[PDB]
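First comes one chain, alone, set out as C-alpha cells in the form deposited in one PDB entry.
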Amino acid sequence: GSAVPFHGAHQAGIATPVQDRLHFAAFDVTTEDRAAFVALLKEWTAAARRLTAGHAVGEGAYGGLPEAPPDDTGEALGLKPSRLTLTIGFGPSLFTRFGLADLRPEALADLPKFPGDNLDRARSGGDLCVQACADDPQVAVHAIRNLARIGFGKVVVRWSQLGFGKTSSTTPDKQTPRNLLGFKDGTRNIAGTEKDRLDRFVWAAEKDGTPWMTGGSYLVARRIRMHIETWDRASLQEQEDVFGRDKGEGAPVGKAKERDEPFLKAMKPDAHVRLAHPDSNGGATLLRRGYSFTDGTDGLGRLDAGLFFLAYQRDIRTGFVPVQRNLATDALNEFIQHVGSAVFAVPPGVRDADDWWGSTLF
C-alpha cells in the first residue's frame, strides 16, 4: 500500500518492482499551441505528485463549491497509494508538432515490419503514453481518468490497454509470475538493484547523442494475442521445447532450478530462450515489464487472451529490434500474433517539486 517516490533522476515505473496491475493509455495531441501543451504537462505533473502520494487532485473530490464539478472524480478516496507509478512517454508523431522535428532522438526508431505482424492501426502508435501501474486497479483507472479529464481539449485517448496481472519481474528475490501459457516469465530480466546493468542497457546517456533524453529510456509496446486453443492441445514436451525451460520449476532444460544459468546448446535451435538470450544477440539485453490481458471472448466460442509486452531499453535499435529480428524462427510464433505496436521516448525523471514532465525537451 506504500507510496513509490515520484521524483528522481529517472521516472519511476521502470526499474521499480513490478506492481500487480496496469492501465496503459496512448494519447493523441489536439492542440497546436506549444504554450498550451507545456501548461498541460505542468498540470499533469502536479496531478501526478498528488496521485502517487494517494491524495486527490486539485482541490479534492468533495467539499468544494456545490455548483462546480469536483476537481477529483473521487473513486480513489480512502485508498492507499498502492505503489502507483505514472510514467510518461513521447511518440515519434509528437515531434511533427511544436517545432520539435530536430529534437526527435535517433534511438527513437520506427520498428520495421516483422514476419507474422497483423497490426491494428487504431490500437497502435500514439503521440504520447501514460503507463499507470499500481497494486489496485481502481487506483490505476482513477489516475488515467483524471489525467485525461485535465487534458480535455488538448489531448484525446487514442487507445488503452488494461493488464490484469503482471508477467514480468524486476525483483529476482520474489516469486516470478506466470503468463497465460503457464510458464514463469521474468526469470532472466534486469533487476532494479542492478545499477550497472540499468546504466548499460536501459538508461539513455548524454553521450548517446540526444542530451534532453539523458536519464530517460525508450519503450516498445507490443500487444500480442495468444492462440490458447492451439497451445492447450500441445503436449507438455512440445510446450517445454518451445521455451527451453521446464514448466513446473522453470529451470533451463537439463537443470534443476529456475535461476540456474541456461545451457543454450541443450535447447532446441528454435527455442524462445535460446533465440532471445543476450548471448544469441550480441549482448542485447532488455528490461521486460509486461502484463497479461483478456478482453472478453473472440466471438468464436473462446476466451481472448494475450500479453501486453513492454520493454525498456537504452536504444530501440540495439534492444528490441535485434532480439525481435532473431525471433523470426521462434517456435513460439506458432502460438502468438503481434496485433498492436507503439514506441515511445520516456523522458528523464522529475527532479524535484519545481520540475515537470518533459521539461528537458520543452
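Here the rigid core means the biggest group of C-alpha atoms that line up within 1.5 Å when the two forms are laid on top of each other. Only residues modelled in both forms are compared. All residue numbers are counted from 1 along the displayed sequence.
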(request) Report the stretch with the higher mean CA temperature factor, choosing between 204-212 and 156-164 on the basis of the entry. (result) 204-212
(message) Using only C-alpha atoms and the B-factors in the entry, which stretch averages higher, 30-38 or 329-337?
(response) 30-38
(request) Specify which of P252, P112, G182, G290 carries the largest Cα B factor in the deposited PDB entry. (result) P112
(message) Comparing recorded Cα B-factors across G186, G116, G244, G248, which one is largest?
(response) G116
(message) Per the entry's values, where does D196 land by CA temperature factor relative to the rest of its chain, in the lowest, middle or highest third?
(response) highest
(request) Just say lowest, middle or highest third for the CA B-factor of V323 relative to the other modelled residues in its chain. (result) middle
(request) Could you say whether, by C-alpha temperature factor, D260 belongs to the lowest, middle or highest third of its chain? (result) lowest
(message) Split into thirds by Cα B-factor across the chain's modelled residues, where does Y218 land: lowest, middle or highest?
(response) lowest
(request) Quick one: classify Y62 as lowest, middle or highest third of the chain based on its Cα B-factor. (result) highest
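Although not depicted, the form deposited in another entry is the subject of the following passage.
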(request) Shifts of 2 Å or more in the Cα, rigid core superposed between this form and the one not shown, apply to only one of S169, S217, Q131, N146; name it. (result) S169
(request) Can you tell whether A204 sits closer to or farther from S169 in the other form than it does here, judged by CA atoms, where the change is 3 Å or more? (result) farther
(request) Have a look at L128 and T171: in the other form, are their Cα atoms closer together or farther apart than in this form, given the change is 3 Å or more? (result) farther
(request) Fit on the rigid core and then flag the segments of at least 3 consecutive residues whose Cα positions all differ by 2 Å or more between this form and the one not shown. (result) 164-173
